[PDB]
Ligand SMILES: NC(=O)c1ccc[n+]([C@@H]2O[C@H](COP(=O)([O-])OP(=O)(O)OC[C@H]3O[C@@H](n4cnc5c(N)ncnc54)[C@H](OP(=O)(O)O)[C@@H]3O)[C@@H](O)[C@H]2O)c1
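Let's start with one chain on its own, the form deposited without the named molecule, as structure tokens.
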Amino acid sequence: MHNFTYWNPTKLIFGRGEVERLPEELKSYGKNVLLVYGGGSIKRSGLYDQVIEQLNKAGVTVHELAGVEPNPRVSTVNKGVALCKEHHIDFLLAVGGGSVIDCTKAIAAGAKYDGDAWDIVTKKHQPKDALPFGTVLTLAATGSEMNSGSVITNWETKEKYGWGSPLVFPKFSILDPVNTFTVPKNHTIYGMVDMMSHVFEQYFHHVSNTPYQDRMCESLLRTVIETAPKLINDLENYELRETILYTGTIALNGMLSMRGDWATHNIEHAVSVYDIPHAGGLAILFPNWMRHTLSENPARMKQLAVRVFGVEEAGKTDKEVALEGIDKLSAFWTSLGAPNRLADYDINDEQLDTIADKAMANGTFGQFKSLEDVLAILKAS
């Protein structure tokens, strides 16, 4: 039983060398641009110089906000909002991954808000305006290049919250598979785990009559599973990078959600306190959430076990088939190098209660199961 509204105004520009589309795409906007990026990777790869060149071709007056953290922080958002006020910025260009875009979304909203951007992240102020912005993507993961959501951390309060607004869809996102070539193996693996985890979140629901969405989810998982072993030992293969970029962006922010569970993400956000790799936390927690919630409807995980993970049902219960499917998932991720226990990041049980309390700060959560549940899943991990 579900009604839905779909709306995605982001322009998607896909293909080799399409960073050259920046001047044509920037003509309709002002000439004061704030360039936002993360660590040294864009300068190390040469994408920085590529972009600065195109921003020069567009007669744009460029300011920079470098150093966005892998788990982006409000202090950095506030610094960028300040730069927009100081230099009368008209437009923002995020060059990097999901963290850079999530941060750019908050600066875009924060540049038309009189106060502090943490108000927006916490949903105290619903944005009424935003600067326009665009992206040049360097790794697919969560679909941020083509959705309106953003996850920001407050290092002081040790909180990490997801917010969104219809006003902070990217105007355009330039997706060049070549721009993902320098992503190293570990982050390449993290991106694929995150992509698969997002599909899982959209699959575990109780809405009857989603036959095509189910096949789209299963199709996406199969494609990533086929691609990942070939990609990780051949990181500069255009075709394999193209497939993961396509399935991480347009495929995942398609009609796959056209209601997800998202409990595993909420628990990971709470554990992340530790400032750990997001998708690393997901690889540890997701199989145990699947085990914890299997009974709510074993048919969902059973269908993944049979249609995605090649589990043979002969002489097994529906529960058995599903649990086998979870084991193959975890083994698949572990075979890529992904972690599978909290000890892999040197995390013990000391702060589990504090972590669970943060996860429950906004009440019970989850759709496949409304989640003490949090603590049990943490302990199993």
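Numbers for residues come from their place in the sequence shown, where the first is 1. For clarity, a rigid core is taken as the largest C-alpha set superposing within 1.5 Å between two forms.
According to the record, no deposited residue between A82 and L83 is left without atomic coordinates. In the deposited entry, the stretch joining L22 to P23 is continuous, with no residue of the deposited sequence left without coordinates. Stretches 131 to 139 and 157 to 165 differ in mean C-alpha B factor, with the higher average recorded for 157 to 165. Averaged over Cα atoms, the B-factor as recorded in the entry is higher for 54 to 62 than for the other of 313 to 321 and 54 to 62. Considering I89, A279, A299, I174 together, the PDB entry gives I89 the largest C-alpha B factor. Per the deposited coordinates, the residue with the largest Cα temperature factor out of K124, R241, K230, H292 is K124. In the deposited entry, the Cα temperature factor of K11 sits in the bottom third of values across the chain's modelled residues. Sort the modelled residues of the chain by CA B factor and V100 lands in the middle third. The entry lists a Cα temperature factor for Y37 that places it in the middle third of the chain's modelled residues. When the CA B factors of the chain's modelled residues are split into thirds, the value for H265 lands in the middle one. Annotation for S330: CA B-factor lies in the lowest third of the chain's modelled residues.
What comes next is about the form deposited with the named molecule bound, which does not appear here.
At a distance threshold of 4.5 angstroms between non-hydrogen atoms, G248 is out of contact with the named molecule in the deposited complex. Using a 4.5 angstroms limit between non-hydrogen atoms, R44 touches the named molecule in the deposited complex.
At least one heavy atom of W262 is located within 4.5 Å of the named molecule in the deposited complex. Though the partner is left out of this view, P298 does not reach within 4.5 Å of the named molecule in the deposited complex, counting heavy atoms only.
Listed stretches are 221 to 229, 118 to 126, 183 to 191, 205 to 213; the contact stretch with the named molecule in the deposited complex is 183 to 191, by a heavy atom cutoff of 4.5 Å.
The listed set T293, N71, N253, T76 contains one residue whose heavy atoms approach the named molecule in the deposited complex to within 4.5 Å, identified as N71. Shown without its partner, the chain has no residue in segment 314 to 346 with a non-hydrogen atom within 4.5 angstroms of the named molecule in the deposited complex. Only one entry in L252, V81, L139, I89 has its C-alpha moved by 2 angstroms or more between the shown form and the other one when the rigid core is superposed, and that entry is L252. Superposition on the rigid core between the shown form and the other one places the CA atom of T210 2 Å or more away from its counterpart. Comparing the forms between the shown form and the other one on their rigid core, the Cα displacement of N297 reaches 2 Å or more.
Superposition on the rigid core between the shown form and the other one places the CA atom of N179 less than 2 Å from its counterpart.
In the deposited complex, the Cα-Cα separation between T264 and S150 shrinks by 3 Å or more relative to the displayed conformation. Relative to the shown form, the Cα atoms of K123 and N253 move apart by 3 Å or more in the deposited complex.
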